[PDB]
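Everything on this sheet refers to the single structure shown next.
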Amino acid sequence: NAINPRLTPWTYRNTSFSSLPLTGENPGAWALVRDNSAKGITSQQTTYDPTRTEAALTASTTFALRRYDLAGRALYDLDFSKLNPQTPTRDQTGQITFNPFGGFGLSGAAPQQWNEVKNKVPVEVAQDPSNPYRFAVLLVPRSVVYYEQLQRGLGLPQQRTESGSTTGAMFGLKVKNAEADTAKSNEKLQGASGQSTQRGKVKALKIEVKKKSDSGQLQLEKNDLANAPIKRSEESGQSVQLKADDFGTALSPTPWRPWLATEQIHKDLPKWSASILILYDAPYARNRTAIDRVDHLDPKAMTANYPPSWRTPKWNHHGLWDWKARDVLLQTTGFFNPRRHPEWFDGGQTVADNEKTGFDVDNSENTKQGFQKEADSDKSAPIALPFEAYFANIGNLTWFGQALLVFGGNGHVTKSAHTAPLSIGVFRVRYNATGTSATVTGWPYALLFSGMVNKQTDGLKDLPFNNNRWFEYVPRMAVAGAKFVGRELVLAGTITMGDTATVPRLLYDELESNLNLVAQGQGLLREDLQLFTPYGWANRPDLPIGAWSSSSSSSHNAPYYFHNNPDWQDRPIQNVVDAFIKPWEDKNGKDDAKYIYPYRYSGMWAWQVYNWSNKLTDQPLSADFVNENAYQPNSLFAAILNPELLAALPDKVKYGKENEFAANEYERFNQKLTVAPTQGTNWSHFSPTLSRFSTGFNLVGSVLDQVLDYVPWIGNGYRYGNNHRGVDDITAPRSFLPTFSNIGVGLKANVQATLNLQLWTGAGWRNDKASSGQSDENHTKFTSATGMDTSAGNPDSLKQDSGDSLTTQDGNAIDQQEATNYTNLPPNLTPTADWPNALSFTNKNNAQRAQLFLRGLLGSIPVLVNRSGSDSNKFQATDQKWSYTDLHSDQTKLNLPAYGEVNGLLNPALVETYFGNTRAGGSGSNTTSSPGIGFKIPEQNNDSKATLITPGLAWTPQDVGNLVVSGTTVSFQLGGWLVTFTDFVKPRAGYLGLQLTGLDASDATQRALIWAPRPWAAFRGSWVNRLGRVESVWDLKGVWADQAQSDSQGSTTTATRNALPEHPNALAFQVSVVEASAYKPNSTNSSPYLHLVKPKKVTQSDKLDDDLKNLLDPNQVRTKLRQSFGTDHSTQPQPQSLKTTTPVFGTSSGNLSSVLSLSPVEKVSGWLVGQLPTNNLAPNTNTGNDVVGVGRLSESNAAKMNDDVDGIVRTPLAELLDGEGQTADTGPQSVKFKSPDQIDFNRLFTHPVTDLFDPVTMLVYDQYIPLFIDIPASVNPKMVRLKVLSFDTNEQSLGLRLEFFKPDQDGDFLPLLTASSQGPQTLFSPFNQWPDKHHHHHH
């Protein structure tokens, strides 16, 4: 009873693995099989004990590995729970005892630690490339397979309000402006005090850190970085503070905790770890099976190699000033705080606060703070590897030599709607030469990717991938796989970049006016995208609390610390630098002091990110700033890795003292960014692992914006560009303004201005009209921008400092004759701003673009709205204008928020892609079919109470399929897009670098999948077909079942209960409030975007209306959009599965050479505009495909199938959906081995065995082939060969395999399965016989 007919194929979600096709010497397939009708783990709810759950699962579920032959016929099952395996014997050289007929030599004994690991279930197989009969089998506990049935979600912090006390906070956000501590007024930093009013030796801020030369050691005498004249505020006696208690007590609000702690898995490795067993397999042999050993992937093998700083992730190398500055601003402290990342903490949310950092943060003496501690009580929670994060890292086996590598999976195995468990590193099982012993290790990706520099990529530069000696950047992946492309090892999937969203730091008294940024910094709002709320930012985020106040008790502490405004910045001319920087510059390394220059700094999004994010440079381990780490994967990622180094690297990482944070504040002050790896360490030996990397396209940022506009939004098929004709559109002096491009938007201005370049302003222009009344200036005068016409242009009341300047002069022998500020400023500082000539005024940036691209494919880019689309609060097409004639006269008709939206895009353009208010409001057939959702500029004295929302698609950045290879390209399914890296392994000049094939929303079946509440639950894997096209299969039974049951039928739970649904893209967004007066302009400048948009401080009364807060439940938006598509004329019986195939792309597809042969951004724009061809769904005409390489599936490439799919069995000759269908042919059936008695005795058995075959080729000589086999005259003898499997000169036996030819023209030679009743092989004997008396001829 070899085949258990109760078991059928299945697909492991973490890797998309169902079967492994086997070619070569031991062909056919291995397939995952299980009892697909078992319920698994079996709304009031209950808590499931792991031990009991696993035991219940062992008794109620059945799993096996099913062996298939080359034709696709099932041979036998290996159910490890019922198998009685034996270890194979070896010979004197340590090689496995093996004969192709007898099989493996068996020892009579089961493997060591067998009966404790036998109940684990197989979820992957990888064939040893150096032994076709050897396989690595990955086994996991049954509980891991059914983990999603436990419904262990992550919850919100308990709120003492609701909105939608006071402050208008939603979803438990703690927000209150910080206040001046009157008892710590002396702790204000002091300058160097008279004449010159705009600056402060002569005028810098002094910071001193000095130790006692008297009375471990040190204990400190003075620590100016401990100073805090500003503190958190009180609410009902107690001070407003982040507490792990906010999530409830562990045993209604329950904190999220891992199902099993790291130590619980470690202490019961046979029961709870993932294990690699070594299996021997030979389906045509007598002893067909043997199991050598089992090796456990102990999570502690990985944690033992974690950088030492990971024991203390609430701390960073900036130490006390940074802990204090973040804590006072109601942010999380350190580089990997448990409030943002509870998945990697054994305590989960029970340790989610800024307390117990492993360093003194609250001593009664300031000079005792910043000290590293021992004890057992106040010791930190370390980055660990608990149940969910550990099993996220289990999958994708890759062999290289004697090393078996485990890269991890996409994290779907243990994911929850609001958690993001991912792969933190790579495990390795390194076997010795004979396979009698092995060693197990894990190394984090932080350590493996530690040599990253800009020149390693052909795509986006300056991306937040840089690191430092402290390993503050923690890259984590949703892994597609690790595949060999020729000899090159390619690792790909999605990755978490360093945090950029919370790099700008708000002024201590600006928190209550900027709730979204506070929420992102707090760990509440799990949004990695940069949001556009700059008015309240501090001019720079790297100043200590001592620099925030001033003994002069004026509006903040300008020029040092003030409201960020690039219009107020000092120009770096020789005299400005000489006066304010140079008298302090060469003193920062003397008598224990550091200085904050009286130089006025400021800049927009690209500038904040350039200076204080972990941007890649040309030098590795050079990130002086690693703000934090992303909540979720937020970039496409592919890396070429050195496999020889992976195979050879040591098991135990030896870190140095250079990797540890300083033991006190004195040593930290006198720290050096780059420090030499110390003697006896090996951590630096891991930096050469990664040789090259990709983030998708091979384009510069501003060119990628053009391509992003060409991409359709998978939700309805409309492009982010809204079919904008670029330079040939009517948005400059069928179509709408684009989301990402500035080309043909606003005016093309001849620039130089600040410090010829023909550049487009984009939407949100603020150009001065000029003293003529006709031609609009190519800039904004500093006069127009900074005037008091409380004031957004100058809230801190700064003043202007040979034609004389504007008084308040300084030192030197020149004293001034030129103003410190610039006179001509760029005419755009809104989110669409892209100034290559001015980093200080640019908002678009590569760190954002890499995210916008990934989110653009998933369809989850947030959109800012203030109209719910309900009858009364509807957005109408009459509310929106786009033509340059309409916009030059009145730019508020554009509905550009320039506050609250996603940075680096045009929000009303995005509103239009999603909701189509303009296009739907332009036809009789439907008429107001649009959901009526949008953002309208507030009128009169009315306020706009806006929120970011997602359109309701449920695709996540962990929706990553298996990695497939085709020529020199690699592909994987990312959400509803099949992504192919055409220019990574072998990059070609002038090629875009990616191919994109998406699901088609115009087809009802594909639309049902695109809009499914669990769309990734449908994925059944990709594979490359014989023609090199990528095929993907989708199961639709779950789509139809989920569509048949609506939980949110008329739900208003988000609006009334201040809670989020279990939708994967439900985010804790906050209200963004702007008064109509902010959109009123000012002297020849009538632009509503002249000043930075000044928001309103949020109070209880500034809450969203219920119908708008209800759109924060993404199913409510989804309901509105599906009503708009609304069509059910179904001919039935409804497709149950779908097979998609990538189209054939031409030789010139993606090639820009013909347009790159007008700036490059302008040429790319025109090329894309030339590739452009009412309704709520865009029709698929197929124009948007070939030439570009970006498009939606044609009808012919999307095959609807009548039955559902759980697993797929593939051999080199057959593809069997659920292991069923037509079985392939290995030959003609008429070609077969002769029976011994039918052989011409004198012509064949008379020879000794060694005469009959070439020992070099191991083939029977052509002259002897017809004597062994029956071959009809119609069949060519060259197509048949006899491979020698065995020979024995003692017994004169000869073991042969009959092989038949296929395509190259003499796969190639394949085993002829129908050769004999038993298969393709047979033993012939005895040879070396004395002659008989002629073979009879009767026929």
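Sequential numbering from 1 applies to the sequence shown in this note's numbering. Here a beta-carbon is modelled for each residue, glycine too, at the ideal position from N, C-alpha and C.
Terminal residues of the alpha helix (DSSP H) in which residue i lies
i: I265; result: 262-266
i: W323; result: 320-328
i: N516; result: 515-522
i: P50; result: 50-60
i: residue 1351; result: Summary: the structure shown does not reach residue 1351, with the chain confined to residues 1 through 1339, and so no result is reported for it.
i: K582; result: 582-585
Identity of the residue in the options nearest residue i by Cα
i: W1011; options: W114, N1185, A909, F1125; result: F1125
i: residue 1388; options: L543, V485, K373; result: Outside the modelled stretch of the chain, which goes from 1 to 1339, sits residue 1388, for which no answer is possible.
i: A662; options: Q671, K654, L397, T807; result: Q671
i: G370; options: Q402, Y390, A352, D322; result: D322
i: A375; options: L385, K356, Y390, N393; result: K356
i: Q851; options: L747, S1235, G498; result: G498
i: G856; options: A813, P827, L905; result: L905
i: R160; options: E665, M170, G1295; result: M170
i: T58; options: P85, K120, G28, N14; result: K120
i: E510; options: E179, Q1045, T678, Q1263; result: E179
i: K657; options: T436, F693, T678; result: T678
i: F1324; options: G486, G523, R487, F1245; result: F1245
i: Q1222; options: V240, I394, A74, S239; result: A74
i: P862; options: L531, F740, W30, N1110; result: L531
i: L329; options: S1153, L543, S143, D1204; result: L543
Burial state of residue i, where buried means 16 or more other Cβ atoms lie within 10 Å
i: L139; result: buried
i: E343; result: buried
i: residue 1342; result: Given a span of 1 to 1339 for the chain in the structure shown, any question on residue 1342 remains unanswerable.
i: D959; result: buried
i: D1035; result: buried
i: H296; result: buried
i: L755; result: exposed
i: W315; result: buried
i: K212; result: exposed
i: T1147; result: exposed
i: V985; result: buried
i: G1307; result: exposed
i: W1330; result: exposed
i: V1144; result: exposed
i: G237; result: exposed
Contact test: residue i Cβ vs the ligand NAD heavy atom, cutoff 8 angstroms
i: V1256; result: This structure lacks the ligand NAD, and indeed carries no ligand of any kind.
Opening and closing residue of the beta strand (DSSP E) in which residue i lies
i: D1035; result: 1030-1035
Short CB-CB distance (under 9 angstroms) between residue i and chain D
i: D77; result: Here chain D cannot be found, since the structure has a single protein chain.
Practice prompt. Determine contact between the region 911-919 and the region 543-554, defined as no fewer than three beta-carbon pairs at a distance below 8 angstroms.
Written response: no
Discussion item. Three Cβ pairs or more, each shorter than 8 angstroms: is that satisfied between the region 1096-1104 and the region 885-893?
Written reply: no
Discussion item. Could you tell me which whole alpha helix (DSSP H) segments of length 4 or greater appear in the region 1258-1305?
Written reply: 1265-1268
Item to complete: With a floor of 4 residues, list each alpha helix (DSSP H) that falls wholly inside the region 1088-1117, ordered by position along the chain.
Response: 1106-1109
Worksheet entry | Whole alpha helix (DSSP H) elements within the region 1110-1178, 4-residue minimum | 1114-1125, 1153-1156, 1160-1169
Practice prompt. Taking only runs that begin and end inside the region 285-359, name each unbroken alpha helix (DSSP H) of 4 or more residues, in chain order.
Written response: 299-303, 320-328
Practice prompt. Spell out a yes or no on whether the region 352-365 and the region 102-109 are touching, meaning 3 or more CB-CB pairs, one atom from each, closer than 8 angstroms.
Written response: no
Worksheet entry | Whole alpha helix (DSSP H) elements within the region 521-571, 4-residue minimum | none
Fill in: Segment contact, 8 angstroms Cβ cut-off, at least three pairs: the region 571-578 with the region 251-263
no
Worksheet item: Are the region 503-511 and the region 532-548 touching by the rule of at least three beta carbon pairs closer than 8 angstroms?
Response: yes
Worksheet item: Quick check: the region 1154-1173 against the region 703-723, are there 3 or more CB pairs under 8 angstroms?
Response: yes
Worksheet item: Given 8 angstroms as the limit, is there contact between the region 955-972 and the region 465-485, that is, 3 or more CB pairs closer than that?
Response: yes
Worksheet item: Touch check for the region 518-532 and the region 332-350: three-plus C-beta pairs under 8 angstroms?
Response: yes
Discussion item. Check whether the region 778-786 and the region 746-756 touch, using three or more Cβ-Cβ pairs below 8 angstroms as the test.
Written reply: yes
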